[PDB]
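Undergrad: Pasting a structure here, questions to come.
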Amino acid sequence: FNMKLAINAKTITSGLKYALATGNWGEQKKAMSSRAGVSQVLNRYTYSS
Amino acid sequence: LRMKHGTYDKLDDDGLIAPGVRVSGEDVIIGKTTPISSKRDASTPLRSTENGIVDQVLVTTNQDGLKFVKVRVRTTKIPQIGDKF
Amino acid sequence: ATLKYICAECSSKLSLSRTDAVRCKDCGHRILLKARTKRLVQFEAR
Amino acid sequence: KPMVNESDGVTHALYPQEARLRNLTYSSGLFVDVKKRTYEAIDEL
Amino acid sequence: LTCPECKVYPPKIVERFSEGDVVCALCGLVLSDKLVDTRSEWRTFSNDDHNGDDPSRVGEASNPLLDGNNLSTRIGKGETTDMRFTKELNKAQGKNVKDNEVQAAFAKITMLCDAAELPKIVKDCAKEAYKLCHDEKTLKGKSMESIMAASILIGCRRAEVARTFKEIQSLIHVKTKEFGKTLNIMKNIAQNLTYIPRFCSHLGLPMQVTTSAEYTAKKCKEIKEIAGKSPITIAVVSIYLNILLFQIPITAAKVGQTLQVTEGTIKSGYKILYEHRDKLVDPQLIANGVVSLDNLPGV
Amino acid sequence: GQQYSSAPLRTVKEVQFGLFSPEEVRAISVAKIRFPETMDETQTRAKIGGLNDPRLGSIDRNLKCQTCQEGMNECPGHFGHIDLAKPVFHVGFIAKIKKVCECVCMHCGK
Amino acid sequence: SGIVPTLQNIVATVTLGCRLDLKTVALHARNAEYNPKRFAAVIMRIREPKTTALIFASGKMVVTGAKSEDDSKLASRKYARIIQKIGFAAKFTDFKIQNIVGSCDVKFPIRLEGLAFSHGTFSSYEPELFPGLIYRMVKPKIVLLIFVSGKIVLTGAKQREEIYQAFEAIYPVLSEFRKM
Amino acid sequence: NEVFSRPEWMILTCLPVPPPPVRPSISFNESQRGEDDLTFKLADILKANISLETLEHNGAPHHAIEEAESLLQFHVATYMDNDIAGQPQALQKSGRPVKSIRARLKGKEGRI
Amino acid sequence: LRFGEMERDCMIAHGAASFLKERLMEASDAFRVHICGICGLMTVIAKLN
RNA sequence: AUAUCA
Ligand SMILES: [Mg+2]
Ligand SMILES: [Zn+2]
Ligand SMILES: [Zn+2]
Ligand SMILES: [Zn+2]
Ligand SMILES: [Zn+2]
Ligand SMILES: [Zn+2]
């Protein structure tokens with residue numbers, strides 16, 4: 001029972017990276033209904049913005 | 001193949017414009033080719049509706065080590081007619 | 001003479017070519033800049 | 001603390017500015033203690 | 001295309017994309033009027049639309065190099081769906097389905113690269129090396145978990161991702177002599193500098209030490225001081241020389257442990273290099289603490 | 001431009017909607033369509049005598065459009081057929097079919 | 001030049017023509033080994049010429065260890081006589097040399113990586129796996145193991161001239177890639 | 001109507017295959033190529049067809065055939081309309097549902 | 001730009017029959033096919049040359 | 001797909 005073969009790191013790593021990036025808060029590249037726009041690019045027009 | 005009508009002269013042999021050169025519409029900021037066979041043109045031209053002077057140009061590799069380059073272009077926008085306030 | 005690329009932090013000039021290694025000499029940091037054209041730019045003072 | 005795994009194996013700290021420029025992710029490592037026990041009985045204990 | 005009026009051998013023609021025309025640059029004759037945006041047209045195949053609202057999104061991109069041309073959708077749950085018909089139409093796809101299932105050996109390569117911390121360009125070379133050699137009569141009956149373990153070092157040896165064969169022996173599995181013969185029958189169809197970053201990191205040495213070890217090891221080879229010792233040993237030895245020269249030292253036991261070499265062997269290379277320690281170091285190396293060239297162990 | 005055809009230019013006066021008789025679908029068709037393969041004559045750069053242009057329409061800035069020639073900016077593109085193993089319902093009628101069965105005898109057709 | 005390769009080992013096959021009882025053979029021979037569980041042959045040896053024979057129940061025999069073709073045939077006839085003396089209706093037939101190994105020293109170090117790059121289609125060099133370069137010659141079809149030290153191993157020959165031919169052919173190449 | 005629309009013509013026996021103009025392809029860079037959702041959906045119809053043809057030809061196991069028929073039924077049906085009430089949608093790898101023909105004509109932003 | 005549905009309406013209101021035809025044809029889409037006189041289909045193999 | 005514009 002080789003440990004490195006057992007636990008797939010990419011599962012949680014890219015699983016969070018997907019949500020945060022795209023914004024479809026759910027698993028994963030097969031998302032719907034998933035809630036899009038949960039994560040979005042921070043407005044940097046003005047400081048108040 | 002399929003070159004941009006814009007000019008490529010402002011490119012140094014590394015395929016980038018050196019920072020400081022003034023650019024203009026349709027001009028080629030970044031020269032790129034996608035060899036397939038001799039090779040098609042995959043270059044980046046400045047937006048045709050804009051112009052200015054190149055501010056800074058940086059060369060890097062990413063998480064897996066793909067060479068990629070970022071080019072900053074600076075203009076000064078002086079209040080004109082249809083300008084909102 | 002000639003400084004192909006500059007360093008982001010330590011600001012030490014680099015002058016490297018294609019497949020030389022995208023890194024700085026002393027500090028690690030793979031950032032690196034480009035250094036202004038020697039083809040002097042002129043602006044209208046308006 | 002946040003780190004980065006470069007192409008040439010080496011792992012090192014990663015500051016927010018380097019993340020934004022090299023388009024990386026400002027993430028840190030998650031580590032968990034794992035234990036693997038084994039038990040046996042014959043044909044309850 | 002070539003202008004019908006002029007005809008000069010290098011046919012100088014421009015693509016005035018903005019006016020949607022293809023012109024002859026010499027006479028000015030328009031050679032074509034229908035002209036399409038390839039960027040936006042490609043946006044219809046590879047988009048950001050995963051929800052399904054985009055009317056522009058109407059196709060999907062495929063990879064003819066890796067999976068040939070296998071167009072195939074998947075029966076899945078939609079908005080108004082009974083969980084019954086999904087099962088039946090999926091249980092009906094089971095009777096229509098061997099080699100169209102050996103593509104799950106790509107899932108073996110993908111799960112091995114991600115367990116070996118390997119880039120996206122390496123997987124796609126390991127998957128192309130495996131697709132073009134898994135049905136070969138030249139490989140015949142080699143250990144099927146050692147021919148995909150050999151096609152990962154084939155994909156790494158082109159993508160410039162330093163991975164020793166003993167690094168892939170740790171992943172799976174590998175039988176050494178078995179995946180060493182298989183790494184040659186496919187090939188018909190590292191260096192000192194490679195390890196230095198990782199070993200040094202585990203060692204916890206500074207950039208200064210790494211650079212010098214890296215310089216020494218290269219010089220050692222250039223000098224040909226170590227006739228045929230394995231590069232891993234050379235590197236571990238060089239790391240020993242440089243580190244001992246600097247303040248933060250590392251012992252043979254500790255270097256060997258990281259390099260996965262034995263102290264005796266590191267000793268072997270080290271003593272061979274030591275005689276030319278002076279030539280080996282970087283010129284602006286600063287020996288510190290109390291370790292100058294004269295003082296280095298010499299062991 | 002788009003080249004001259006001796007055909008008389010006329011305007012559309014009536015549009016006669018209907019369903020396709022399988023006899024007609026077969027009759028129009030310029031290709032059989034036998035294989036789920038796009039192009040790639042096994043790792044190649046030409047269309048397969050099977051799906052898109054088995055004898056069919058033309059694309060990729062190349063004339064070859066079965067004698068018709070012309071190419072892209074003239075060719076309307078002509079249809080192929082696919083011979084189905086067993087009859088299937090056209091999803092849109094499924095209900096008109098149902099209603100017709102509901103009206104007629106499921107043995108004598110009266 | 002001036003160097004001529006030295007023969008180091010000759011492997012040959014001989015058909016005795018009759019079935020053998022291996023326990024009997026092993027029991028009666030003066031210098032025999034036989035453990036059915038490890039290998040299916042009697043491992044017999046003679047002192048002159050110093051060789052080793054692998055004797056099978058089918059009556060086929062492999063003779064190895066000789067340094068000359070003469071010694072190979074000589075030792076083979078001797079093994080056959082032993083089988084006869086033990087009592088079987090053996091015959092010395094089909095003597096054939098299957099492999100000849102040779103070696104020499106060019107007296108200068110070689111740049112294996114340069115050679116491997118230059119003669120890439122015939123070469124195989126993985127110093128971490130095995131320190132020598134494996135060179136697969138087309139004509140004659142001989143395999144050479146080339147080492148940094150300048151020591152050379154030639155094998156796969158059916159005739160002595162092939163060993164000599166290959167070295168003559170490789171020498172200019174080894175010279176081109178010398179270190180001093 | 002005896003000329004233009006006999007009821008026998010509602011059940012599909014032969015399938016008109018639309019030409020590339022209706023389902024364009026794009027050849028990017030030799031390892032990237034884009035096919036239209038219809039070309040995908042067609043290939044499934046074909047594959048499902050080729051399968052059921054082999055089943056009838058061979059020893060017809062009755063219930064393994066009608067099982068393969070109602071698969072064909074689905075692919076053909078889902079190709080003209082993917083938004084069917086009660087039925088599962090045909091999906092395209094990325095999780096997005098296949099753009100059926102109906103759906104190209106339908107909405108504002110439709111062909112009409 | 002889009003000469004959309006609501007714009008079609010204004011043109012229809014104005015009685016600008018030819019201005020509309022132009023917007024929809026000459027100024028955009030316009031194409032030429034060969035049709036059959038028997039079955040009013042785009043079947044015709046026009047080898048116009 | 002989010003944000004936004006009258
Ligand atoms: Mg207003
Ligand atoms: Zn620096
Ligand atoms: Zn011209
Ligand atoms: Zn045509
Ligand atoms: Zn009746
Ligand atoms: Zn007609």
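We label chains A, B, ... in the order they appear in the structure tokens, count residues from 1 in each chain, and number ligands from 1 in the order shown.
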Quick one: residues within 6 Å of ligand 4, with only C-alpha atoms (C1' of nucleotides) and all ligand atoms, as a list in words?
TA: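 I would give the residues around ligand 4 as residues 57, 65, 68, 69, 75 and 77 of chain F.
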Undergrad: Counting only C-alpha atoms (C1' of nucleotides) and all ligand atoms, what are the residues, protein, DNA or RNA alike, that approach ligand 6 to within 6 Å? I want them as a PDB file with N, CA, C and O atoms, in the first residue's frame.
TA:
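This went into selection.pdb:
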ATOM      1  N   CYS I  36     -34.451  24.007 -57.550  1.00  0.00           N
ATOM      2  CA  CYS I  36     -35.161  23.234 -58.546  1.00  0.00           C
ATOM      3  C   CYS I  36     -36.629  23.711 -58.677  1.00  0.00           C
ATOM      4  O   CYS I  36     -37.291  24.118 -57.705  1.00  0.00           O
ATOM      5  N   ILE I  38     -39.028  21.683 -59.750  1.00  0.00           N
ATOM      6  CA  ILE I  38     -39.968  20.610 -59.444  1.00  0.00           C
ATOM      7  C   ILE I  38     -40.144  20.496 -57.950  1.00  0.00           C
ATOM      8  O   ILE I  38     -41.245  20.744 -57.470  1.00  0.00           O
ATOM      9  N   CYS I  39     -39.073  20.151 -57.216  1.00  0.00           N
ATOM     10  CA  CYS I  39     -39.069  20.118 -55.751  1.00  0.00           C
ATOM     11  C   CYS I  39     -38.271  21.352 -55.379  1.00  0.00           C
ATOM     12  O   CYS I  39     -37.068  21.412 -55.640  1.00  0.00           O
ATOM     13  N   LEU I  41     -36.239  22.743 -53.796  1.00  0.00           N
ATOM     14  CA  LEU I  41     -35.085  22.518 -52.927  1.00  0.00           C
ATOM     15  C   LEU I  41     -33.773  23.043 -53.480  1.00  0.00           C
ATOM     16  O   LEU I  41     -33.624  23.153 -54.706  1.00  0.00           O
TER      17      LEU I  41
END
Undergrad: Near chain E, meaning an atom within 8 Å, which residues of chain H appear when counting only C-alpha atoms? Write them as a PyMOL selection string.
TA: chain H and resi 26+30-41+43-44+48+51+67-68+70-71+84-99+104+109-110
Undergrad: Please give me, as an MDAnalysis selection string, the residues lying within 9 Å of ligand 3 when counting only C-alpha atoms (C1' of nucleotides) and all ligand atoms.
TA: chainID E and resid 2:8 11:13 23:31
Undergrad: When the cut-off is 7 Å and we count only C-alpha atoms, which residues of chain H are near chain F, given as a list in words?
TA: residues 4, 5, 9, 10, 11, 12, 13, 14, 15, 16, 17, 18, 19, 20, 21, 43, 46, 47, 49, 52, 53, 73 and 77 of chain H
Undergrad: I'd like the neighbourhood of region 12-24 of chain A as JSON, numbers by chain, where a residue qualifies if any of its atoms comes within 9 Å (using only C-alpha atoms (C1' of nucleotides)), though same-chain residues fewer than 2 positions away should be ignored.
TA: {"A": [8, 9, 10, 26, 27, 28, 29, 31, 32, 33, 34, 35, 36, 37, 38, 39, 40, 41], "D": [25], "E": [48, 50, 51], "J": [1, 2]}
Undergrad: Take the residues from that selection and put them in a file with N, CA and C atoms (P, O5', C5', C4', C3', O3' and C1' of nucleotides), as a PDB file, in the first residue's frame.
TA:
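result.pdb, freshly written:
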ATOM      1  N   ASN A   8      -4.174  11.223  -3.791  1.00  0.00           N
ATOM      2  CA  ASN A   8      -3.977  12.100  -4.928  1.00  0.00           C
ATOM      3  C   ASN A   8      -4.033  13.560  -4.505  1.00  0.00           C
ATOM      4  N   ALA A   9      -2.871  14.202  -4.476  1.00  0.00           N
ATOM      5  CA  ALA A   9      -2.785  15.587  -4.039  1.00  0.00           C
ATOM      6  C   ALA A   9      -3.616  16.476  -4.943  1.00  0.00           C
ATOM      7  N   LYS A  10      -3.512  16.233  -6.248  1.00  0.00           N
ATOM      8  CA  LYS A  10      -4.150  17.085  -7.246  1.00  0.00           C
ATOM      9  C   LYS A  10      -5.656  17.203  -7.024  1.00  0.00           C
ATOM     10  N   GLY A  26     -18.253  24.680  -6.972  1.00  0.00           N
ATOM     11  CA  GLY A  26     -18.573  23.265  -6.979  1.00  0.00           C
ATOM     12  C   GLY A  26     -17.623  22.428  -7.807  1.00  0.00           C
ATOM     13  N   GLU A  27     -17.767  21.109  -7.651  1.00  0.00           N
ATOM     14  CA  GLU A  27     -16.979  20.089  -8.324  1.00  0.00           C
ATOM     15  C   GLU A  27     -17.551  19.787  -9.743  1.00  0.00           C
ATOM     16  N   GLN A  28     -16.783  20.048 -10.807  1.00  0.00           N
ATOM     17  CA  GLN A  28     -15.474  20.712 -10.856  1.00  0.00           C
ATOM     18  C   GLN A  28     -15.518  21.261 -12.259  1.00  0.00           C
ATOM     19  N   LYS A  29     -14.820  20.637 -13.238  1.00  0.00           N
ATOM     20  CA  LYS A  29     -14.925  21.028 -14.652  1.00  0.00           C
ATOM     21  C   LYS A  29     -16.287  20.512 -15.257  1.00  0.00           C
ATOM     22  N   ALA A  31     -19.524  21.255 -13.770  1.00  0.00           N
ATOM     23  CA  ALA A  31     -20.281  22.157 -12.914  1.00  0.00           C
ATOM     24  C   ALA A  31     -21.517  22.739 -13.585  1.00  0.00           C
ATOM     25  N   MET A  32     -22.650  22.571 -12.889  1.00  0.00           N
ATOM     26  CA  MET A  32     -24.027  23.003 -13.163  1.00  0.00           C
ATOM     27  C   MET A  32     -25.004  21.996 -12.472  1.00  0.00           C
ATOM     28  N   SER A  33     -25.843  22.426 -11.498  1.00  0.00           N
ATOM     29  CA  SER A  33     -25.935  23.788 -10.964  1.00  0.00           C
ATOM     30  C   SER A  33     -24.776  23.972  -9.977  1.00  0.00           C
ATOM     31  N   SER A  34     -24.005  25.073 -10.129  1.00  0.00           N
ATOM     32  CA  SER A  34     -22.839  25.288  -9.274  1.00  0.00           C
ATOM     33  C   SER A  34     -22.673  26.646  -8.596  1.00  0.00           C
ATOM     34  N   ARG A  35     -23.442  27.679  -9.012  1.00  0.00           N
ATOM     35  CA  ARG A  35     -23.370  29.045  -8.463  1.00  0.00           C
ATOM     36  C   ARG A  35     -22.109  29.720  -9.001  1.00  0.00           C
ATOM     37  N   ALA A  36     -22.249  30.453 -10.109  1.00  0.00           N
ATOM     38  CA  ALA A  36     -21.136  31.172 -10.722  1.00  0.00           C
ATOM     39  C   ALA A  36     -21.119  32.604 -10.223  1.00  0.00           C
ATOM     40  N   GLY A  37     -19.915  33.134 -10.045  1.00  0.00           N
ATOM     41  CA  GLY A  37     -19.715  34.501  -9.584  1.00  0.00           C
ATOM     42  C   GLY A  37     -19.438  34.627  -8.104  1.00  0.00           C
ATOM     43  N   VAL A  38     -19.253  33.475  -7.415  1.00  0.00           N
ATOM     44  CA  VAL A  38     -18.918  33.374  -5.991  1.00  0.00           C
ATOM     45  C   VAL A  38     -17.518  33.968  -5.816  1.00  0.00           C
ATOM     46  N   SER A  39     -16.584  33.594  -6.701  1.00  0.00           N
ATOM     47  CA  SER A  39     -15.236  34.134  -6.687  1.00  0.00           C
ATOM     48  C   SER A  39     -15.073  35.011  -7.890  1.00  0.00           C
ATOM     49  N   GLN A  40     -14.610  36.243  -7.683  1.00  0.00           N
ATOM     50  CA  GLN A  40     -14.390  37.166  -8.794  1.00  0.00           C
ATOM     51  C   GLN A  40     -13.219  38.084  -8.634  1.00  0.00           C
ATOM     52  N   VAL A  41     -12.731  38.586  -9.753  1.00  0.00           N
ATOM     53  CA  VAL A  41     -11.598  39.493  -9.809  1.00  0.00           C
ATOM     54  C   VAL A  41     -11.845  40.844  -9.175  1.00  0.00           C
TER      55      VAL A  41
ATOM     56  N   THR D  25      -0.052  30.717  -7.878  1.00  0.00           N
ATOM     57  CA  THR D  25      -1.088  30.729  -6.856  1.00  0.00           C
ATOM     58  C   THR D  25      -0.469  30.868  -5.472  1.00  0.00           C
TER      59      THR D  25
ATOM     60  N   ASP E  48     -15.353  29.726 -22.117  1.00  0.00           N
ATOM     61  CA  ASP E  48     -15.422  29.648 -20.657  1.00  0.00           C
ATOM     62  C   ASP E  48     -16.811  29.188 -20.237  1.00  0.00           C
ATOM     63  N   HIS E  50     -19.345  26.792 -19.276  1.00  0.00           N
ATOM     64  CA  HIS E  50     -19.548  25.446 -18.738  1.00  0.00           C
ATOM     65  C   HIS E  50     -20.999  25.263 -18.306  1.00  0.00           C
ATOM     66  N   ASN E  51     -21.684  26.383 -18.117  1.00  0.00           N
ATOM     67  CA  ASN E  51     -23.080  26.382 -17.711  1.00  0.00           C
ATOM     68  C   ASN E  51     -23.977  25.923 -18.852  1.00  0.00           C
TER      69      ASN E  51
ATOM     70  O5'   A J   1     -23.123  31.100 -18.769  1.00  0.00           O
ATOM     71  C5'   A J   1     -23.417  32.141 -17.850  1.00  0.00           C
ATOM     72  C4'   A J   1     -22.205  32.511 -17.032  1.00  0.00           C
ATOM     73  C3'   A J   1     -22.198  33.916 -16.440  1.00  0.00           C
ATOM     74  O3'   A J   1     -22.937  34.017 -15.228  1.00  0.00           O
ATOM     75  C1'   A J   1     -20.141  33.518 -17.522  1.00  0.00           C
ATOM     76  P     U J   2     -23.882  35.294 -14.951  1.00  0.00           P
ATOM     77  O5'   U J   2     -22.883  36.349 -14.296  1.00  0.00           O
ATOM     78  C5'   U J   2     -22.433  36.203 -12.955  1.00  0.00           C
ATOM     79  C4'   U J   2     -21.163  36.981 -12.707  1.00  0.00           C
ATOM     80  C3'   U J   2     -21.299  38.497 -12.679  1.00  0.00           C
ATOM     81  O3'   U J   2     -21.770  38.995 -11.435  1.00  0.00           O
ATOM     82  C1'   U J   2     -19.489  37.912 -14.070  1.00  0.00           C
TER      83        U J   2
END
Undergrad: Kindly provide, as a list in words, all nucleotide and amino acid residues lying within 6 Å of ligand 5, counting only C-alpha atoms (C1' of nucleotides) and all ligand atoms.
TA: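 Written in the requested form, the residues are residues 105, 107, 108 and 110 of chain F.
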Undergrad: Could you write those residues out with N, CA, C and O atoms, as a tab-separated table (two decimals), in the first residue's frame?
TA:
chain	number	residue	atom	x	y	z
F	105	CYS	N	-56.87	2.11	-36.76
F	105	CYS	CA	-56.81	0.75	-36.25
F	105	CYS	C	-55.38	0.25	-36.29
F	105	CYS	O	-54.78	0.23	-37.37
F	107	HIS	N	-54.11	-2.52	-36.54
F	107	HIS	CA	-54.05	-3.79	-37.23
F	107	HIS	C	-54.39	-3.67	-38.72
F	107	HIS	O	-53.68	-4.25	-39.55
F	108	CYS	N	-55.51	-2.97	-39.07
F	108	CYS	CA	-55.93	-2.81	-40.46
F	108	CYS	C	-55.61	-1.45	-41.11
F	108	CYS	O	-55.55	-1.37	-42.35
F	110	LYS	N	-57.35	1.59	-40.51
F	110	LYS	CA	-58.57	2.25	-40.91
F	110	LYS	C	-59.12	3.08	-39.78
F	110	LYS	O	-59.06	2.64	-38.62
Undergrad: Please indicate the distance in Å from CA of residue 153 (chain E) to CA of residue 133 (chain E), rounded to one decimal place.
TA: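 Between CA of residue 153 (chain E) and CA of residue 133 (chain E) the gap works out to 14.0 Å.
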Undergrad: As a PyMOL selection string, please: every protein or nucleic acid residue near ligand 2 (cut-off 7 Å, counting only C-alpha atoms (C1' of nucleotides) and all ligand atoms).
TA: chain C and resi 7-12+24-29
Undergrad: Those residues with C-alpha atoms, as a PDB file, in the first residue's frame please?
TA:
ATOM      1  CA  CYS C   7      16.820  42.182 -12.011  1.00  0.00           C
ATOM      2  CA  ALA C   8      13.499  43.061 -10.318  1.00  0.00           C
ATOM      3  CA  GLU C   9      14.699  43.341  -6.641  1.00  0.00           C
ATOM      4  CA  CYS C  10      18.543  43.663  -6.325  1.00  0.00           C
ATOM      5  CA  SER C  11      18.467  45.736  -9.609  1.00  0.00           C
ATOM      6  CA  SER C  12      21.691  44.105 -10.940  1.00  0.00           C
ATOM      7  CA  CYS C  24      19.492  36.236 -11.377  1.00  0.00           C
ATOM      8  CA  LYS C  25      23.242  35.931 -10.460  1.00  0.00           C
ATOM      9  CA  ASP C  26      23.396  35.915  -6.583  1.00  0.00           C
ATOM     10  CA  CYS C  27      19.686  36.210  -5.666  1.00  0.00           C
ATOM     11  CA  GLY C  28      17.323  33.427  -6.765  1.00  0.00           C
ATOM     12  CA  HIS C  29      14.243  35.361  -8.063  1.00  0.00           C
TER      13      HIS C  29
END
Undergrad: Expressed in Å to a single decimal, how great is the separation between CA of residue 164 (chain G) and CA of residue 5 (chain G)?
TA: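 These atoms are spaced 6.7 Å apart.
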Undergrad: Would you mind reading off the distance between CA of residue 18 (chain B) and CA of residue 4 (chain C), one decimal, in Å?
TA: 9.4 Å
Undergrad: Could you please select, counting only C-alpha atoms, the residues of chain D within 9 Å of chain E and state them as a ChimeraX atom specification?
TA: /D:5,7-12
Undergrad: Write down as a ChimeraX atom specification the residues of region 95-162 of chain G whose backbone DSSP state falls under strand (DSSP E or B).
TA: /G:95-105,110,123-124,133-136,143-146,151-157
Undergrad: How would you write, as a list in words, the set of residues no farther than 12 Å from ligand 1 when counting only C-alpha atoms (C1' of nucleotides) and all ligand atoms?
TA: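 For ligand 1, the residues inside 12 Å are residues 84 of chain B; 5 and 6 of chain J.
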Undergrad: Could you go through region 9-68 of chain F and tell me which residues DSSP, when run on the backbone, assigns to helix (DSSP H, G or I), listing them as a PyMOL selection string?
TA: chain F and resi 22-28
Undergrad: Write a file of the just-selected residues containing C-alpha atoms, as a CSV table (one decimal), in the first residue's frame.
TA:
chain,number,residue,atom,x,y,z
F,22,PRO,CA,-37.0,8.6,-46.7
F,23,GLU,CA,-37.1,7.8,-50.4
F,24,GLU,CA,-36.3,11.5,-51.0
F,25,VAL,CA,-33.7,11.8,-48.3
F,26,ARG,CA,-31.9,8.9,-50.0
F,27,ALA,CA,-32.4,10.6,-53.4
F,28,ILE,CA,-31.0,14.0,-52.5
